[PDB]
């Protein structure tokens, strides 16, 4: 099995969408030997569910989110083949957390598929509405497909 882990700062807005979109993306491609999970850098929301705006955004697109927030752990860097951050702050945090020489490949999700200017998946939490969740969703749809096609399907 190949294992993919989506990471964002709190695991209530961005990475649960990326996790759900990746699973949906694998399903449409009939790729069955890839497991997907998500987790948080920080611990504020551990035990909670995704942001209501993330849940509603996925529903809008016929997807469901039943994920429970957990925090990343060091053994993640030995269990997962691919660990994805959403933005450059994510990448810095993952770099400092990864045990040197651990097997996980650290990638930023938007380096796949998107144009350069659209590669950062921005934290939507502090906006009023859910527009920032929809754009994260659109980005994940493009990025996840491209990653799957290049790296997972060769």
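Positions refer to the first chain, counted from 1.
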{"item": "Stretch with the higher entry mean CA B-factor, where the candidates are 47 to 55 and 105 to 113", "value": "47 to 55"}
{"item": "Between 67 to 75 and 80 to 88 (mean CA B-factor, as deposited), the higher", "value": "67 to 75"}
{"item": "Third assignment of residue 152 from its chain's C-alpha B-factors", "value": "middle"}
{"item": "Chain-relative CA temperature factor third for residue 10", "value": "middle"}
